[PDB]
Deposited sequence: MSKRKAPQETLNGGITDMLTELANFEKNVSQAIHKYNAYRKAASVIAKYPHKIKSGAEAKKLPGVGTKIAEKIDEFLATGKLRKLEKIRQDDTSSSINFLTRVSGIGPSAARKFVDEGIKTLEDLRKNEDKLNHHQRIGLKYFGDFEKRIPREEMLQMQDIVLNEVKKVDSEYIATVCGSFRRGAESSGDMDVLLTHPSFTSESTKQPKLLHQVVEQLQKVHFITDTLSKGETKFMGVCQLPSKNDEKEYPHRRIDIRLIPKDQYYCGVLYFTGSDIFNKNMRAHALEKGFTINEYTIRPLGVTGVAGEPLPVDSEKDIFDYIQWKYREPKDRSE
């Protein structure tokens, strides 16, 4: 459903969602507007009235009205007022820097810090994460074309294997489902030396390696199971430098790896469909395990999982390739 179809309504709503998250700090209002704006992007019909829209799941009365004012006039008075509000402007913008959330942004704008220049004038009051968000502001808002991701995947599989032949790594996310474009790289790692009933240097030895070969240029966080940081593909000595990109590497107990792979892969709507369908078939699925729901509602022990396919067998579902996992 193209941008000309019902794009104007959707940008409105998303603009409204941003301000609820960034200025009002009303995360559920943020997720509301988003939810409305998303189902609206599904509807294959240039919407003609708020009434029409209200028939959808997630469009309530108040949004129906906003669409009504949008449709009649071309704009929403609330947005325009918000659009040219100084503090709201600067607050909403500053959150675009990774590491600055609405609380930090609101604090910066309190003491006059409103623009990247202001941030740059004040490395002092920026934690480590925020400086990397500043540093890579432009690079981080860029998407990653699939061939770059495919290239990045080469480096990650090669060096991980080179650290140990026992590691298992899967780039998940949209990419794994076939998407011609991604916004970050989501690596799921595991070893046979790591069960849920069990070493605390398994992730550091892969992180280190990828810094030795100068793939990982920066670090936002690293612990015993999650690394978040920056990487960038090597340039041609003549051809321009690639933009730095965000990467996440996550260590998972091998007895839960294929559970996490499915979850960190499958689309949102797919994942609900399956945890909708798993319950009616008597099992419960979270990111970690699959447990059988006993008669009176009580979940039992987690059952073996050793493939993605396995989990479909438990719930009586044909395995679906990640490419066909849109919903």
note = Per the record, the structure omits deposited positions 1-6, 205-206
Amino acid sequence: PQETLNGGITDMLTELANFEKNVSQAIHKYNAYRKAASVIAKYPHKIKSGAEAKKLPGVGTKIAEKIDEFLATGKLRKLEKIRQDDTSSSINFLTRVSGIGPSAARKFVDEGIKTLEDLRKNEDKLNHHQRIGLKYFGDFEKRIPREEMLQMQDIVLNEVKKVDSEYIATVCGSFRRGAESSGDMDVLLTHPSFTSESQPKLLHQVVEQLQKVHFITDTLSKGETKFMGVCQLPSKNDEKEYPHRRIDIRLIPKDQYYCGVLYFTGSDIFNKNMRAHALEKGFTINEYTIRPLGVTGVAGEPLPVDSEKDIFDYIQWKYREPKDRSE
From here on, numbers count along this sequence of modelled residues.
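Definition used throughout: the rigid core is the maximal C-alpha set that superposes within 1.5 Å between two forms.
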query = Looking at C-alpha RMS in 7 other deposited structures of this protein with the core superposed, is it 35-43 or 294-302 that drifts more?
reply = 294-302
key: Which of 214-222 and 171-179 lies farther from this form in 7 other deposited structures of this protein, as RMS of C-alpha positions after a rigid core fit   = 171-179
message = One third of the other compared structures is the cut-off here: is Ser193 left unmodelled in that many or more?
response = no
remark   = Between 207-215 and 236-244, the record assigns the higher mean Cα B factor to 236-244
message = Mean CA temperature factor from the deposited coordinates, higher in 294-302 or in 37-45?
response = 294-302
ask   = If you compare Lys161, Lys201, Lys226, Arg146, which has the highest Cα B-factor in the entry?
value = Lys201
Residue of maximum C-alpha B factor among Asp139, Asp184, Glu197, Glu80, per deposited coordinates = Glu197
inquiry  = Splitting the chain's C-alpha B-factors into thirds, which one does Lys281 fall into?
reply    = highest
Entry-reported Cα temperature factor of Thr87, expressed as the chain third it lands in = middle
task = Using the B-factors in the PDB entry, rank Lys62's C-alpha atom against the chain and give the third, lowest, middle or highest.
result = middle
key: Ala26 - which third its CA temperature factor falls in, relative to the rest of the chain   = lowest
request  = Relative to the other modelled residues of the same chain, rank the CA B-factor of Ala51 and answer lowest, middle or highest third.
outcome  = middle
